[PDB]
Structure formats: C-alpha cells, structure tokens
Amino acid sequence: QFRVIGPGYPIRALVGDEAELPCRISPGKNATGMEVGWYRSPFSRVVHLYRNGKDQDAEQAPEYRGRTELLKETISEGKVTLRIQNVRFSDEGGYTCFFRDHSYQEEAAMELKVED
C-alpha cells in the first residue's frame, strides 16, 4: 500500500508558458507498470492518462491533446511530473493525481494558479 503526495500549496505558472505538477507515491517504488491519471476538479475531465506503459492520447480531453507530457526520469522511484505546455487561463484550478496498482489506488489533489 502507498499514499500519493502532491504539493500542499498552489503551483504558480505564467499564462502562455509551461506549468509542472509533481506527484509521487510513498513509500517509493517503481511505478512504471502502474496507471497514472490526472483530472481536473471539481468539474472532471481527463488531463492525462498513462497506463500499460504508454500515454493514452485518445483518453484525455480534447483541450489537452498535444499540450501534455508525463515526465518519467524518476518514475522508477515512484515519481512523475505532469507538464502542461502553453498554460491557459482555464488551466487554473484543481487537479487530482491518481496512481493505480491493479486493484489498489490512491491520489492527491492540488491547485494551479495562472498569472497573466
């Protein structure tokens, strides 16, 4: 079993630039074969979904197509970073990050603040 950890305070980003949201499982372990999903909150929509070792472009909301990447230089340690390219004003708000290992899952919620 593991808990999912994200930043406790708002992540700041400049509109037009890139924003990065960190998320990891603890205790850390290889999360390469896990499902990692990012969603908006409170009103849900798929930001990015990674499962079966690949990013699932067809499953994310149209607005995120080609604008997201799940960086994995440290996924073997249980850490991932969602990168939002060309941050939009509407990207401001809540996000939920999930890590799912078969029948078990946990998640963390976090806030993104967009500045003009």
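All residue numbers refer to positions in the sequence shown, first residue = 1.
A.B. asks: Out of 29-37 and 51-59, which one has CA B-factors that are higher on average in the deposited record?
C.D. replies: Looking at the record's C-alpha B-factors, the answer is 51-59.
A.B. asks: In the PDB record, does 9-17 or 88-96 carry the higher mean Cα temperature factor?
C.D. replies: Averaging CA B-factors over each stretch, the winner is 9-17.
A.B. asks: Name the third of the chain's ranked CA B-factors that contains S76, choosing lowest, middle or highest.
C.D. replies: Tercile = middle for this residue's CA B-factor.
A.B. asks: What third of the chain does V4 rank in for C-alpha temperature factor, lowest, middle or highest?
C.D. replies: CA B-factor rank for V4: middle third.
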